[PDB]
>>> print(open('work.txt').read())   # compact mmCIF, N, CA and C atoms and all ligand atoms
# COMPACT_ATOMS: atom_id res chain seq x y z
N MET S 1 34.74 -13.89 8.36
CA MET S 1 33.44 -13.18 8.28
C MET S 1 32.47 -13.97 7.41
N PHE S 2 31.19 -13.64 7.50
CA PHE S 2 30.16 -14.30 6.72
C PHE S 2 29.02 -13.34 6.42
N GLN S 3 29.07 -12.73 5.24
CA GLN S 3 28.06 -11.78 4.81
C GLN S 3 27.64 -12.10 3.37
N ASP S 4 26.85 -11.21 2.76
CA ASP S 4 26.39 -11.38 1.38
C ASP S 4 27.56 -11.74 0.45
N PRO S 5 27.35 -12.59 -0.57
CA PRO S 5 26.05 -13.21 -0.89
C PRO S 5 25.62 -14.31 0.08
N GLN S 6 26.48 -14.65 1.03
CA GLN S 6 26.16 -15.67 2.01
C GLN S 6 25.09 -15.15 2.98
N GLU S 7 24.26 -16.04 3.49
CA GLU S 7 23.18 -15.65 4.39
C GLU S 7 23.40 -16.20 5.80
N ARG S 8 24.43 -17.03 5.96
CA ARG S 8 24.75 -17.64 7.25
C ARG S 8 23.68 -18.65 7.63
N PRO S 9 23.76 -19.86 7.07
CA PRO S 9 22.79 -20.93 7.33
C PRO S 9 22.76 -21.35 8.80
N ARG S 10 21.62 -21.86 9.22
CA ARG S 10 21.43 -22.31 10.59
C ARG S 10 21.69 -23.81 10.68
N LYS S 11 22.06 -24.40 9.55
CA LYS S 11 22.34 -25.83 9.48
C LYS S 11 23.79 -26.08 9.08
N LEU S 12 24.40 -27.07 9.73
CA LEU S 12 25.80 -27.43 9.48
C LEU S 12 26.09 -27.72 8.00
N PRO S 13 25.34 -28.65 7.34
CA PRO S 13 25.58 -28.97 5.93
C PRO S 13 25.51 -27.75 5.02
N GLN S 14 24.50 -26.91 5.24
CA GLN S 14 24.31 -25.71 4.43
C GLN S 14 25.41 -24.69 4.70
N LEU S 15 25.88 -24.65 5.95
CA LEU S 15 26.95 -23.73 6.33
C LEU S 15 28.20 -24.03 5.52
N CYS S 16 28.44 -25.32 5.29
CA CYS S 16 29.59 -25.76 4.52
C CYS S 16 29.41 -25.39 3.05
N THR S 17 28.17 -25.42 2.58
CA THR S 17 27.87 -25.09 1.20
C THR S 17 28.20 -23.63 0.89
N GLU S 18 27.76 -22.74 1.77
CA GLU S 18 28.02 -21.31 1.58
C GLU S 18 29.50 -21.00 1.76
N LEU S 19 30.17 -21.76 2.62
CA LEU S 19 31.59 -21.57 2.88
C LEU S 19 32.43 -22.22 1.77
N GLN S 20 31.74 -22.87 0.83
CA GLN S 20 32.38 -23.54 -0.30
C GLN S 20 33.37 -24.61 0.19
N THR S 21 32.95 -25.39 1.17
CA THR S 21 33.79 -26.43 1.72
C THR S 21 32.95 -27.64 2.14
N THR S 22 33.60 -28.62 2.77
CA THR S 22 32.93 -29.82 3.21
C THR S 22 32.89 -29.87 4.74
N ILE S 23 32.07 -30.77 5.28
CA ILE S 23 31.94 -30.93 6.72
C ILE S 23 33.21 -31.55 7.30
N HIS S 24 34.04 -32.08 6.41
CA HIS S 24 35.28 -32.72 6.82
C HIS S 24 36.41 -31.70 6.92
N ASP S 25 36.19 -30.51 6.38
CA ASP S 25 37.20 -29.46 6.40
C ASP S 25 36.83 -28.33 7.36
N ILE S 26 35.56 -27.99 7.41
CA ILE S 26 35.10 -26.91 8.28
C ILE S 26 35.26 -27.29 9.76
N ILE S 27 35.94 -26.43 10.51
CA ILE S 27 36.16 -26.66 11.93
C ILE S 27 35.41 -25.61 12.74
N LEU S 28 34.52 -26.05 13.61
CA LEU S 28 33.75 -25.13 14.43
C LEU S 28 34.31 -25.08 15.85
N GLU S 29 33.98 -24.02 16.57
CA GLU S 29 34.46 -23.85 17.93
C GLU S 29 33.28 -23.91 18.90
N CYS S 30 33.57 -24.25 20.14
CA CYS S 30 32.54 -24.34 21.16
C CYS S 30 32.06 -22.95 21.56
N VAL S 31 30.78 -22.86 21.86
CA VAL S 31 30.18 -21.60 22.26
C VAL S 31 30.42 -21.34 23.75
N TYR S 32 30.65 -22.40 24.52
CA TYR S 32 30.85 -22.26 25.95
C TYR S 32 32.33 -22.18 26.34
N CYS S 33 33.10 -23.23 26.04
CA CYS S 33 34.52 -23.23 26.40
C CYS S 33 35.38 -22.65 25.27
N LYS S 34 34.77 -22.45 24.11
CA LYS S 34 35.45 -21.90 22.94
C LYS S 34 36.60 -22.79 22.47
N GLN S 35 36.43 -24.09 22.65
CA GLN S 35 37.44 -25.06 22.23
C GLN S 35 37.18 -25.48 20.79
N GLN S 36 38.23 -25.87 20.08
CA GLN S 36 38.08 -26.29 18.69
C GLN S 36 37.49 -27.69 18.63
N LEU S 37 36.40 -27.84 17.90
CA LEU S 37 35.75 -29.13 17.77
C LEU S 37 36.43 -29.96 16.69
N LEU S 38 36.93 -31.13 17.08
CA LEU S 38 37.58 -32.03 16.15
C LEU S 38 36.58 -32.45 15.08
N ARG S 39 37.00 -32.43 13.81
CA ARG S 39 36.14 -32.78 12.69
C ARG S 39 35.38 -34.09 12.93
N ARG S 40 36.06 -35.06 13.54
CA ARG S 40 35.46 -36.36 13.83
C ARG S 40 34.22 -36.21 14.71
N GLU S 41 34.31 -35.32 15.69
CA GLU S 41 33.21 -35.09 16.62
C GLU S 41 32.18 -34.14 16.02
N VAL S 42 32.61 -33.33 15.06
CA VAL S 42 31.71 -32.39 14.39
C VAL S 42 30.59 -33.14 13.68
N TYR S 43 30.91 -34.33 13.18
CA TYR S 43 29.93 -35.16 12.48
C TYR S 43 28.82 -35.60 13.42
N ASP S 44 29.11 -35.61 14.72
CA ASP S 44 28.13 -36.02 15.72
C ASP S 44 26.99 -35.01 15.78
N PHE S 45 27.29 -33.79 15.36
CA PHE S 45 26.30 -32.71 15.34
C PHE S 45 25.18 -33.06 14.36
N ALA S 46 25.56 -33.64 13.23
CA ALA S 46 24.60 -34.05 12.21
C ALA S 46 24.05 -35.44 12.52
N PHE S 47 24.87 -36.24 13.19
CA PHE S 47 24.49 -37.60 13.56
C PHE S 47 23.37 -37.57 14.60
N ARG S 48 23.51 -36.69 15.58
CA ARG S 48 22.52 -36.54 16.64
C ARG S 48 21.66 -35.30 16.38
N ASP S 49 20.79 -34.96 17.33
CA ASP S 49 19.93 -33.79 17.19
C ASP S 49 20.54 -32.59 17.88
N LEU S 50 21.24 -31.77 17.12
CA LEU S 50 21.88 -30.58 17.65
C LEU S 50 21.77 -29.43 16.66
N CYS S 51 21.55 -28.23 17.17
CA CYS S 51 21.44 -27.05 16.33
C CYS S 51 22.67 -26.17 16.50
N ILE S 52 22.95 -25.35 15.51
CA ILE S 52 24.11 -24.47 15.56
C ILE S 52 23.81 -23.26 16.43
N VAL S 53 24.63 -23.07 17.45
CA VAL S 53 24.47 -21.96 18.36
C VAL S 53 25.28 -20.77 17.88
N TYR S 54 24.62 -19.66 17.62
CA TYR S 54 25.30 -18.47 17.15
C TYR S 54 25.64 -17.56 18.31
N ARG S 55 26.92 -17.48 18.62
CA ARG S 55 27.40 -16.65 19.72
C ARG S 55 27.78 -15.28 19.17
N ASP S 56 27.04 -14.26 19.60
CA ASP S 56 27.27 -12.88 19.17
C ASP S 56 26.87 -12.68 17.71
N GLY S 57 27.63 -13.30 16.81
CA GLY S 57 27.35 -13.18 15.39
C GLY S 57 28.15 -14.17 14.57
N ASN S 58 28.58 -15.25 15.20
CA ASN S 58 29.37 -16.27 14.52
C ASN S 58 28.82 -17.66 14.83
N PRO S 59 28.92 -18.60 13.87
CA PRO S 59 28.43 -19.96 14.05
C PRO S 59 29.34 -20.80 14.96
N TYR S 60 28.79 -21.26 16.07
CA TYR S 60 29.53 -22.08 17.01
C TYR S 60 28.84 -23.42 17.18
N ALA S 61 29.55 -24.38 17.75
CA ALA S 61 28.99 -25.70 17.96
C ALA S 61 29.15 -26.11 19.42
N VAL S 62 28.51 -27.21 19.78
CA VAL S 62 28.59 -27.72 21.14
C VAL S 62 29.56 -28.90 21.17
N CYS S 63 30.62 -28.78 21.95
CA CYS S 63 31.62 -29.83 22.05
C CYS S 63 31.09 -31.02 22.84
N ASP S 64 31.87 -32.10 22.83
CA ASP S 64 31.51 -33.32 23.55
C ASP S 64 31.45 -33.05 25.05
N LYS S 65 32.16 -32.01 25.48
CA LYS S 65 32.21 -31.64 26.89
C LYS S 65 30.91 -30.95 27.31
N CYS S 66 30.60 -29.86 26.62
CA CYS S 66 29.41 -29.06 26.90
C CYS S 66 28.11 -29.75 26.45
N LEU S 67 28.25 -30.77 25.62
CA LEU S 67 27.11 -31.52 25.08
C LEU S 67 26.14 -31.96 26.17
N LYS S 68 26.66 -32.48 27.28
CA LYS S 68 25.80 -32.96 28.36
C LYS S 68 25.28 -31.82 29.23
N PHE S 69 25.84 -30.63 29.06
CA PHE S 69 25.41 -29.47 29.84
C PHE S 69 24.07 -28.95 29.31
N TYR S 70 23.89 -29.04 28.00
CA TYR S 70 22.67 -28.57 27.36
C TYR S 70 22.17 -29.60 26.35
N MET O 1 34.53 -62.61 10.97
CA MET O 1 34.39 -63.36 9.69
C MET O 1 32.93 -63.38 9.25
N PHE O 2 32.69 -63.73 7.99
CA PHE O 2 31.34 -63.79 7.46
C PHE O 2 31.22 -64.93 6.46
N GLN O 3 30.23 -65.79 6.67
CA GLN O 3 30.00 -66.94 5.81
C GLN O 3 28.53 -67.02 5.41
N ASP O 4 28.17 -68.06 4.68
CA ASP O 4 26.80 -68.26 4.24
C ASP O 4 25.93 -68.67 5.43
N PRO O 5 24.59 -68.49 5.35
CA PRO O 5 23.90 -67.93 4.19
C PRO O 5 23.80 -66.41 4.22
N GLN O 6 24.68 -65.76 4.98
CA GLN O 6 24.68 -64.30 5.06
C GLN O 6 24.95 -63.71 3.68
N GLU O 7 24.34 -62.58 3.38
CA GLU O 7 24.52 -61.95 2.08
C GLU O 7 25.82 -61.15 2.06
N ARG O 8 26.14 -60.53 3.20
CA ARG O 8 27.37 -59.75 3.36
C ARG O 8 27.47 -58.66 2.30
N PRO O 9 26.72 -57.56 2.46
CA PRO O 9 26.75 -56.44 1.52
C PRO O 9 28.01 -55.60 1.66
N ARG O 10 28.17 -54.61 0.79
CA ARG O 10 29.34 -53.75 0.83
C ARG O 10 29.03 -52.43 1.53
N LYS O 11 27.80 -52.30 2.01
CA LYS O 11 27.37 -51.10 2.71
C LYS O 11 27.21 -51.38 4.20
N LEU O 12 27.85 -50.55 5.01
CA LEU O 12 27.81 -50.69 6.47
C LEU O 12 26.39 -50.74 7.04
N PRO O 13 25.51 -49.76 6.72
CA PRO O 13 24.13 -49.74 7.24
C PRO O 13 23.40 -51.06 7.01
N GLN O 14 23.53 -51.60 5.80
CA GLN O 14 22.87 -52.85 5.45
C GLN O 14 23.49 -54.02 6.20
N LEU O 15 24.81 -53.98 6.38
CA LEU O 15 25.52 -55.04 7.09
C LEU O 15 25.04 -55.12 8.54
N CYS O 16 24.77 -53.95 9.12
CA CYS O 16 24.29 -53.89 10.49
C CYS O 16 22.92 -54.55 10.60
N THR O 17 22.06 -54.28 9.63
CA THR O 17 20.73 -54.86 9.60
C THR O 17 20.79 -56.38 9.45
N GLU O 18 21.73 -56.83 8.62
CA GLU O 18 21.92 -58.26 8.37
C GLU O 18 22.47 -58.95 9.62
N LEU O 19 23.36 -58.26 10.33
CA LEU O 19 23.96 -58.79 11.54
C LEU O 19 22.99 -58.68 12.72
N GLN O 20 21.83 -58.07 12.46
CA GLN O 20 20.80 -57.88 13.48
C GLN O 20 21.34 -57.03 14.64
N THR O 21 22.09 -55.99 14.29
CA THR O 21 22.66 -55.10 15.28
C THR O 21 22.63 -53.66 14.76
N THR O 22 23.24 -52.75 15.51
CA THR O 22 23.27 -51.35 15.12
C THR O 22 24.69 -50.92 14.75
N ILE O 23 24.80 -49.72 14.19
CA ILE O 23 26.10 -49.18 13.79
C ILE O 23 26.94 -48.84 15.02
N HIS O 24 26.27 -48.74 16.16
CA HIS O 24 26.93 -48.41 17.41
C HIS O 24 27.55 -49.65 18.04
N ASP O 25 26.95 -50.80 17.77
CA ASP O 25 27.42 -52.06 18.35
C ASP O 25 28.31 -52.85 17.39
N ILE O 26 28.15 -52.63 16.09
CA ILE O 26 28.94 -53.35 15.10
C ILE O 26 30.43 -53.05 15.27
N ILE O 27 31.24 -54.10 15.15
CA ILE O 27 32.69 -53.98 15.29
C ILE O 27 33.37 -54.18 13.94
N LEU O 28 34.11 -53.17 13.50
CA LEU O 28 34.82 -53.24 12.24
C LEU O 28 36.31 -53.10 12.48
N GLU O 29 37.12 -53.74 11.66
CA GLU O 29 38.56 -53.67 11.81
C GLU O 29 39.19 -52.97 10.62
N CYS O 30 40.34 -52.33 10.85
CA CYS O 30 41.03 -51.61 9.79
C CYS O 30 41.76 -52.57 8.86
N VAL O 31 41.68 -52.28 7.57
CA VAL O 31 42.33 -53.10 6.56
C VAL O 31 43.84 -52.84 6.55
N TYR O 32 44.24 -51.71 7.11
CA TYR O 32 45.65 -51.34 7.15
C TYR O 32 46.25 -51.55 8.53
N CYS O 33 45.69 -50.87 9.53
CA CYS O 33 46.18 -50.97 10.90
C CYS O 33 45.90 -52.35 11.49
N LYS O 34 44.89 -53.03 10.94
CA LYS O 34 44.49 -54.37 11.38
C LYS O 34 43.91 -54.34 12.79
N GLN O 35 43.66 -53.14 13.30
CA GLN O 35 43.11 -52.98 14.63
C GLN O 35 41.61 -52.76 14.55
N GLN O 36 40.94 -52.78 15.68
CA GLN O 36 39.51 -52.58 15.71
C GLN O 36 39.18 -51.09 15.73
N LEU O 37 38.28 -50.68 14.85
CA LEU O 37 37.88 -49.29 14.74
C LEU O 37 37.10 -48.83 15.96
N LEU O 38 37.31 -47.58 16.33
CA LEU O 38 36.62 -46.99 17.46
C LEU O 38 35.18 -46.67 17.07
N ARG O 39 34.31 -46.55 18.07
CA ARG O 39 32.90 -46.26 17.82
C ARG O 39 32.76 -44.97 17.01
N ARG O 40 33.62 -43.99 17.31
CA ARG O 40 33.59 -42.71 16.61
C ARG O 40 34.03 -42.88 15.16
N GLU O 41 34.98 -43.78 14.92
CA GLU O 41 35.49 -44.03 13.58
C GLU O 41 34.45 -44.74 12.72
N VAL O 42 33.69 -45.64 13.34
CA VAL O 42 32.64 -46.36 12.62
C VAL O 42 31.56 -45.39 12.16
N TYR O 43 31.30 -44.37 12.98
CA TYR O 43 30.30 -43.35 12.66
C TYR O 43 30.75 -42.54 11.46
N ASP O 44 32.05 -42.26 11.40
CA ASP O 44 32.63 -41.50 10.30
C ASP O 44 32.52 -42.29 9.00
N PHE O 45 32.80 -43.59 9.09
CA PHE O 45 32.74 -44.48 7.94
C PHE O 45 31.33 -44.51 7.35
N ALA O 46 30.33 -44.45 8.22
CA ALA O 46 28.94 -44.47 7.80
C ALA O 46 28.48 -43.10 7.33
N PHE O 47 29.22 -42.07 7.71
CA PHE O 47 28.90 -40.70 7.33
C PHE O 47 29.45 -40.39 5.95
N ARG O 48 30.59 -41.00 5.63
CA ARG O 48 31.22 -40.79 4.34
C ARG O 48 30.65 -41.76 3.31
N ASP O 49 30.82 -41.43 2.04
CA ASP O 49 30.32 -42.26 0.95
C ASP O 49 31.30 -43.39 0.63
N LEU O 50 31.79 -44.06 1.66
CA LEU O 50 32.74 -45.14 1.48
C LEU O 50 32.05 -46.49 1.57
N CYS O 51 32.71 -47.52 1.07
CA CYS O 51 32.18 -48.87 1.10
C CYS O 51 33.12 -49.76 1.88
N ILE O 52 32.62 -50.91 2.31
CA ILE O 52 33.42 -51.84 3.08
C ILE O 52 34.32 -52.66 2.16
N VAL O 53 35.61 -52.65 2.46
CA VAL O 53 36.57 -53.40 1.68
C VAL O 53 36.75 -54.79 2.28
N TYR O 54 36.44 -55.80 1.49
CA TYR O 54 36.55 -57.17 1.94
C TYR O 54 37.90 -57.74 1.56
N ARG O 55 38.72 -57.97 2.56
CA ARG O 55 40.05 -58.52 2.37
C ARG O 55 40.18 -59.79 3.18
N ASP O 56 40.66 -60.85 2.54
CA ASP O 56 40.86 -62.15 3.19
C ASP O 56 39.52 -62.86 3.44
N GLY O 57 38.45 -62.08 3.57
CA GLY O 57 37.14 -62.65 3.80
C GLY O 57 36.43 -61.96 4.95
N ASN O 58 37.15 -61.09 5.62
CA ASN O 58 36.61 -60.35 6.75
C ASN O 58 36.30 -58.92 6.31
N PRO O 59 35.14 -58.37 6.72
CA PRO O 59 34.77 -56.99 6.37
C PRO O 59 35.67 -55.98 7.05
N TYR O 60 36.67 -55.51 6.33
CA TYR O 60 37.60 -54.54 6.87
C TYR O 60 37.19 -53.14 6.44
N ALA O 61 37.62 -52.15 7.20
CA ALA O 61 37.29 -50.77 6.91
C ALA O 61 38.54 -49.91 6.95
N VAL O 62 38.35 -48.61 6.78
CA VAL O 62 39.45 -47.66 6.80
C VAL O 62 39.17 -46.60 7.85
N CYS O 63 40.02 -46.54 8.87
CA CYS O 63 39.85 -45.57 9.93
C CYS O 63 40.31 -44.19 9.48
N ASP O 64 40.02 -43.18 10.29
CA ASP O 64 40.39 -41.79 9.98
C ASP O 64 41.90 -41.66 9.77
N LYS O 65 42.66 -42.55 10.40
CA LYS O 65 44.11 -42.54 10.30
C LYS O 65 44.56 -42.78 8.86
N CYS O 66 44.15 -43.91 8.29
CA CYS O 66 44.51 -44.25 6.93
C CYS O 66 43.69 -43.43 5.93
N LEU O 67 42.47 -43.08 6.31
CA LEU O 67 41.56 -42.31 5.46
C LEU O 67 42.15 -40.96 5.03
N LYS O 68 42.92 -40.32 5.90
CA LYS O 68 43.49 -39.02 5.56
C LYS O 68 44.62 -39.15 4.54
N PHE O 69 45.20 -40.34 4.44
CA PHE O 69 46.28 -40.58 3.49
C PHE O 69 45.76 -40.74 2.07
N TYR O 70 44.51 -41.19 1.95
CA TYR O 70 43.90 -41.41 0.65
C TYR O 70 42.89 -40.32 0.32
ZN ZN S 101 32.34 -26.67 25.03
ZN ZN S 102 43.66 -47.82 9.79
>>> encode(input="work.txt", output="structure tokens", more="lines below")
Ligand SMILES: [Zn+2]
Ligand SMILES: [Zn+2]
Amino acid sequence: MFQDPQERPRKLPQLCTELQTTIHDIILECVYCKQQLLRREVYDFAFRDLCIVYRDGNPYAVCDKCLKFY
Amino acid sequence: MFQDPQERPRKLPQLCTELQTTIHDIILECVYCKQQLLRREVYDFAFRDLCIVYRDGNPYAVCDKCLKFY
């Protein structure tokens, strides 16, 4: 879960800050196929221009698969 | 390998500029595995606050494989 005092950042780096962790530890899931995004590929989110997609009420990411879909 | 009059810095981004290439095209080898790092691994190296380890005279790096051990 992610509630107060956390505000649920819309940015990957900030999301890790509120979660009290690093981008190397936080593992996000795909919003489309719901697959686990490998930490190595998670860095591509910050490397390229991608925003965090919130599915229902949780922070999700776009995998290398769905990346070309949107 | 790297020789004069190249400056050969310890930072990957600067090395790319000196080599007149990009981080996507630059080829780095592992100091441990002795193999060539993958494009995804090179991105990780540039994402982390790591420096290039010069061994024997060739700019070697540390892939995610050895990186998790340290
Ligand atoms: Zn996906
Ligand atoms: Zn290695």
>>> residues_near_ligand(input="work.txt", ligand="ligand ZN 102 (chain S)", cutoff="8 Å", atoms="all atoms listed in the file", output="list in words")
residues 29, 30, 31, 32, 33, 34, 35, 37, 61, 62, 63, 64, 65, 66 and 67 of chain O
>>> atom_distance(input="work.txt", atom1="atom C of residue 16 in chain S", atom2="atom C of residue 47 in chain S")
17.8 Å
>>> interface_residues(input="work.txt", of="chain O", to="chain S", cutoff="8 Å", atoms="only C-alpha atoms", output="number ranges by chain")
O: 40-41, 44, 47
>>> atom_distance(input="work.txt", atom1="atom C of residue 51 in chain O", atom2="atom C of residue 9 in chain O")
7.8 Å
>>> select_by_dssp(input="work.txt", residues="chain O", states="helix (DSSP H, G or I)", output="list in words")
residues 12, 13, 14, 15, 16, 17, 18, 39, 40, 41, 42, 43, 44, 45, 46, 47, 64, 65, 66 and 67 of chain O
>>> residues_around(input="work.txt", residues="residue 8 in chain O", least_positions_apart="6", cutoff="9 Å", atoms="only C-alpha atoms", output="mmCIF file with N, CA and C atoms, keeping the file's coordinate frame")
data_model
loop_
_atom_site.group_PDB
_atom_site.id
_atom_site.type_symbol
_atom_site.label_atom_id
_atom_site.label_comp_id
_atom_site.auth_asym_id
_atom_site.auth_seq_id
_atom_site.Cartn_x
_atom_site.Cartn_y
_atom_site.Cartn_z
ATOM 1 N N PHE O 2 32.690 -63.730 7.990
ATOM 2 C CA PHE O 2 31.340 -63.790 7.460
ATOM 3 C C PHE O 2 31.220 -64.930 6.460
ATOM 4 N N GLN O 14 23.530 -51.600 5.800
ATOM 5 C CA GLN O 14 22.870 -52.850 5.450
ATOM 6 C C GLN O 14 23.490 -54.020 6.200
ATOM 7 N N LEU O 15 24.810 -53.980 6.380
ATOM 8 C CA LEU O 15 25.520 -55.040 7.090
ATOM 9 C C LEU O 15 25.040 -55.120 8.540
ATOM 10 N N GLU O 18 21.730 -56.830 8.620
ATOM 11 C CA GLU O 18 21.920 -58.260 8.370
ATOM 12 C C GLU O 18 22.470 -58.950 9.620
ATOM 13 N N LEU O 19 23.360 -58.260 10.330
ATOM 14 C CA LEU O 19 23.960 -58.790 11.540
ATOM 15 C C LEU O 19 22.990 -58.680 12.720
ATOM 16 N N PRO O 59 35.140 -58.370 6.720
ATOM 17 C CA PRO O 59 34.770 -56.990 6.370
ATOM 18 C C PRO O 59 35.670 -55.980 7.050
#
>>> atom_distance(input="work.txt", atom1="atom C of residue 20 in chain O", atom2="atom C of residue 57 in chain O")
18.6 Å
>>> closest_residue(input="work.txt", among="S:23, S:36, S:13, S:5", to="ligand ZN 101 (chain S)", atoms="all atoms listed in the file")
S:36
>>> select_by_dssp(input="work.txt", residues="chain O", states="strand (DSSP E)", output="ChimeraX atom specification")
/O:29-30,53-55,58-61
>>> axis_aligned_box(input="work.txt", around="range 44-49 of chain S", padding_each_side="4 Å", output="JSON")
{"center_x": 24.5, "center_y": -35.1, "center_z": 15.0, "size_x": 17.2, "size_y": 13.0, "size_z": 13.7}
